[PDB]
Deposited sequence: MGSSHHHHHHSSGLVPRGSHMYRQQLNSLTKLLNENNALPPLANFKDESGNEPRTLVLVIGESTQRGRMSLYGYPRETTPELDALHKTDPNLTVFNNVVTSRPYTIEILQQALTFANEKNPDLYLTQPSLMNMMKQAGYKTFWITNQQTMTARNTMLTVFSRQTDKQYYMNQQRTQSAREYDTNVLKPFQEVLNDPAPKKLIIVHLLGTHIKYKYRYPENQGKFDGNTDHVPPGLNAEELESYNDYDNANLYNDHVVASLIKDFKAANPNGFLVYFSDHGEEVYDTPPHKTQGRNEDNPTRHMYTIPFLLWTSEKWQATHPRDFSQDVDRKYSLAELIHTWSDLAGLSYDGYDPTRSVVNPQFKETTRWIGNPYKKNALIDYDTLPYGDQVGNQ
């Protein structure tokens, strides 16, 4: 029902390309070894970072809200903390890619109620083809690998593939097979004072991070094996507090009682050899920019070569005109409840910038 973006231009040429957006779940930045966590929770992404120069790891990206649909309404559209309702009145990322001539796909391991009017159902239905892999629980994110490959074989020249993961969502133990609890009973690098149940939950979160590492690295590896022209962006919708913050008694997500570990997120960009060769771009000076996921659509636009009325290059984290703005958190529907993420304590801790 919304009109297309005005003065729409695509400067990325007309060669076929495949662009991938991997939406993880409840994965914070501070529990991945890729970001300095002393437990080896992400070995495959670490090795990929060591061996592949086209993997760009962003170190200072946070989400704006710690609830899935509440953040995705901002990340996937032009809405943000100051204007949270723009997802109703302006196009989404998927709409934008359709206007650019892409065939769009939604692959998900999250239980979607297709017969019901949920906001996630609407977003996934904004694409040309959907793969609902979890419609009924032990359904692991590797479920997405088979349809992903299938979509890679789809003959459309320009393709957008969205992969929605369960990631490290509660309950953590159910995110990975029972025989893959590498950190079960381990007490190294554990905060003090946990009881048996809290300790088991902590180690469960690290195990879920291990499996999520395997899944994301597998997506990148299979994508690369297709020898594609394009790139893949991986981000988590939000983090998750798992006894990280002193006094180490809190587990979960609470917007009105925020901690940094609820808001820090991984943010990775893998660029294929063909795309890097055809679209030369240096990201090495962008990796430490302080950025909020709420403006993702501009970064994506920048990466896709798209410009239009409403495009803001200064809010793209890969743009030379990038200008840091306040990384707002807090409920945007309460009266003047927005606060600067930087004001939260314990910002000096590893992975908690």
Residues of the deposited chain that carry no C-alpha coordinates are 1-37, 174-177
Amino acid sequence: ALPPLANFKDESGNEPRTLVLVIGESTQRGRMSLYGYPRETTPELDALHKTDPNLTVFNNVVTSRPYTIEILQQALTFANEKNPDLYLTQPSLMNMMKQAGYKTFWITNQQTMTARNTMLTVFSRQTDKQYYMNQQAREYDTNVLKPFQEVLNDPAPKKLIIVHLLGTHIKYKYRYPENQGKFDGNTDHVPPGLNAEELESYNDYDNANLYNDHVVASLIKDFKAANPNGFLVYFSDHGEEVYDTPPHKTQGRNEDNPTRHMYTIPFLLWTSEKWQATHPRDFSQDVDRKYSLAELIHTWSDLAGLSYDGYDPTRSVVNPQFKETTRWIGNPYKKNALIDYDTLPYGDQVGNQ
From here on, numbers count along this sequence of modelled residues.
Output the stretch having the higher mean C-alpha B factor in the entry; the candidates are 193-201 and 72-80. 193-201
Mean CA B-factor: is it higher for 115-123 or for 253-261? 115-123
When the CA B-factors of 271, 212, 136, 278 are compared as recorded in the entry, which is the largest? 136
Per the PDB entry, maximal CA B factor within 235, 148, 140, 231: 140
For residue 14, the third of its chain by CA B-factor is the highest
Please say which third, lowest, middle or highest, residue 299 falls into when its CA temperature factor is compared across its chain. lowest
Residue 344 - which third its CA temperature factor falls in, relative to the rest of the chain: middle
Please place residue 96 in the lowest, middle or highest third of its chain by C-alpha B factor as given in the entry. middle
Can you work out whether the C-alpha temperature factor of residue 168 puts it in the lowest, middle or highest third of the chain? lowest
